[PDB]
Amino acid sequence: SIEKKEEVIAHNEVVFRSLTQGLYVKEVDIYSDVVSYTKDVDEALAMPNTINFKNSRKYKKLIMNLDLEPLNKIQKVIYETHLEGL
Amino acid sequence: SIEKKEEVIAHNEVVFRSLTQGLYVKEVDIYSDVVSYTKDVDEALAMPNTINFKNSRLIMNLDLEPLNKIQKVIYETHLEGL
Amino acid sequence: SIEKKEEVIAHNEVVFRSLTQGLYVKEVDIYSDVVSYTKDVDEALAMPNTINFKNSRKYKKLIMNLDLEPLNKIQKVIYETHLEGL
Amino acid sequence: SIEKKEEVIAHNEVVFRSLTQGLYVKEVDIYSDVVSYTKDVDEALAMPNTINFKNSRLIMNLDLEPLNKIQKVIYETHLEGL
Amino acid sequence: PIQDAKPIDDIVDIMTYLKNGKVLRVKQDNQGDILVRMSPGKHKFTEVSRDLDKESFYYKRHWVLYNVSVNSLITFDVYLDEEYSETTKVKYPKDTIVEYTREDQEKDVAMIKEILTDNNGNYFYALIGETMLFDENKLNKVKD
Amino acid sequence: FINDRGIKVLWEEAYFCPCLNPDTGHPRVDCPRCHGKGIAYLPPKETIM
Ligand SMILES: [Zn+2]
């Protein structure tokens with residue numbers, strides 16, 4: 001008995017994964033080649049992906065690397081109001 | 001898909017509602033008899049939904065339609081692929 | 001034996017009543033539809049009706065609602081001087 | 001019509017007035033004999049209208065026309081329909 | 001029939017009513033409606049008001065001088081203010097471009113000649129050059 | 001000359017609105033005659049300027 005429902009987006013950012021190694025990028029060099037890795041989603045080279053930050057330039061070389069798999073990490077909070085009768 | 005999820009109950013209360021007009025109670029008098037009504041579902045007068053309070057004072061009017069209101073707030077994340 | 005008399009107007013404002021429910025409006029939504037009610041004249045959605053505030057705009061949608069009955073709530077104080085002889 | 005009404009007596013006094021000229025007393029001397037007169041009804045010299053004062057001092061002159069002055073102030077409201 | 005309109009034809013009657021001091025309502029094109037009035041007292045001159053609603057304890061009309069043109073009166077439609085009806089709830093207004101089909105299944109355009117209704121609220125319309133009545137569906141509102 | 005070199009323009013005269021507060025001497029925030037400005041206006045007059 002969902003009386004009302006609402007959704008909120010807290011974060012929306014891109015995170016990259018190596019196809020074979022299964023790790024997530026955390027650091028890059030001056031040439032923008034990967035230097036480090038982590039197996040933790042909470043610590044990754046996050047690229048903002050909100051409305052204002054689309055069409056970036058910082059990570060063009062990183063994107064074109066075929067070994068990397070971009071992922072849209074999105075965090076949400078949803079409020080649900082229940083009326084359960086008496 | 002879902003990578004991580006957790007559910008918590010922010011509030012759990014009892015809302016009072018009129019049987020004829022259908023409007024919920026907003027403000028009350030000294031004895032807590034109704035003096036104002038409102039169409040809102042959340043702003044309506046409410047009390048904690050636990051047995052101790054119920055035993056500690058339904059009591060105001062014969063319009064006997066209380067409404068157990070429970071609020072579910074959920075935190076979740078997704079990893080949607082390309 | 002009223003020697004002299006005077007009248008004063010303290011407040012002059014409009015208040016609305018539902019024809020059927022008999023309640024007085026207190027609150028409205030963004031669309032200006034009624035949200036709440038009271039059975040107390042002292043607490044109502046008062047619209048000023050002094051000389052300066054005539055021809056308002058805030059409550060045009062409310063006025064045209066046929067279910068509502070406008071009322072001119074006016075408050076007065078009158079001073080009467082009596083001479084009763086010796 | 002009337003929705004609510006209440007009456008109170010703000011003041012109750014005795015005003016002194018001359019019998020020939022018709023003007024009320026304004027100012028007086030040491031013994032409270034008259035030295036000035038005024039045409040105003042409210043500004044005129046007056047004293048509390050209670051028996052104790054009357055027994056505690058008519059006394060000034062033979063122009064024996066005092067005037068019991070009583071002030072009624074009324075609060076009321078109306079709900080005039082359209 | 002419907003009693004929602006009683007337009008004045010002659011300007012002479014308009015001036016006669018203005019002499020009597022009764023207010024008038026004067027329509028406009030793609031523009032707000034106007035009320036017109038003759039000033040009282042020693043000096044006689046026309047006055048206008050942009051307000052339309054009835055006078056009340058909570059609403060008072062505002063009047064100012066203006067050099068009203070007889071062209072507006074003679075051309076535009078005019079009504080008595082007190083007896084004017086706000087709206088007749090019909091899909092098509094009077095004097096509006098409409099399209100229909102003739103008896104021989106030929107399409108033709110016309111303007112509405114009369115607006116009518118039965119006792120049950122069903123609305124019938126008569127077009128120029130067509131004595132018979134037409135349903136609301138049978139008509140078509142032509143786009144400008 | 002003026003009618004020749006000028007441009008068509010609407011001339012509306014100015015006058016203080018009655019809605020001014022008698023005590024502070026400053027106007028009401030919103031009223032039909034003047035939209036917060038303390039000065040109202042008369043009907044326009046077509047003019048070349
Ligand atoms: Zn103003």
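Nothing in this text is a laboratory measurement; each read-out follows from the coordinates by a stated rule. Ideal geometry is used to build each Cβ from the backbone, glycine not excepted, and the neighbour counts take in all protein chains shown.
Key figures for this structure:
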quantity: Considering residues of segment F:1-29 that are in a loop (DSSP other than H, G, I, E, B), farther than 23 Å from residue C:58 by Cα and away from chain E (no Cβ under 14 Å) only, the residue farthest from the ligand (Cβ to nearest atom); calculated: F:1
quantity: Flag if residue B:74 is within 12 Å of chain A (Cβ to nearest Cβ), surrounded by 14 or more Cβ atoms within 10 Å (Cβ to Cβ), hydrophobic (A, V, I, L, M, F, W, C) and closer than 30 Å to residue A:16 by Cα; calculated: yes
quantity: Selection count, segment F:35-49, where residues are near the ligand (Cβ under 10 Å from one of its atoms) and either part of a loop (DSSP other than H, G, I, E, B) or among the small types (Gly, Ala, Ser) (or both); calculated: 5
quantity: Unique match (being under 23 Å from residue D:74 (Cα atoms) and surrounded by 10 or more Cβ atoms within 10 Å (Cβ to Cβ)) among D:25, D:41, D:35, D:8; calculated: D:41
quantity: Flag for residue F:32 being more than 13 Å from the ligand (Cβ to nearest atom), assigned to a loop (DSSP other than H, G, I, E, B) and surrounded by 11 or more Cβ atoms within 10 Å (Cβ to Cβ); calculated: no
quantity: Count - residues of segment F:30-49 that are farther than 18 Å from residue C:52 by Cβ and within 8 Å of another protein chain (Cβ to nearest Cβ); calculated: 2
quantity: Residue match in segment B:59-67 (condition: facing chain A (nearest Cβ under 10 Å), part of a strand (DSSP E or B) and touching a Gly at 6+ places or on another chain (Cβ under 8 Å)); calculated: yes
quantity: Any hit, segment A:22-40, residues being closer than 30 Å to residue B:42 by Cα and exposed (fewer than 15 other Cβ atoms within 10 Å of the Cβ); calculated: no
quantity: Strands (runs of 3 or more DSSP E) lying entirely in chain C (those with 1 or more residues that are at the interface with another protein chain (Cβ under 8 Å from one of its Cβ atoms) and aromatic (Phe, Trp, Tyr)); calculated: C:34-38, C:68-83
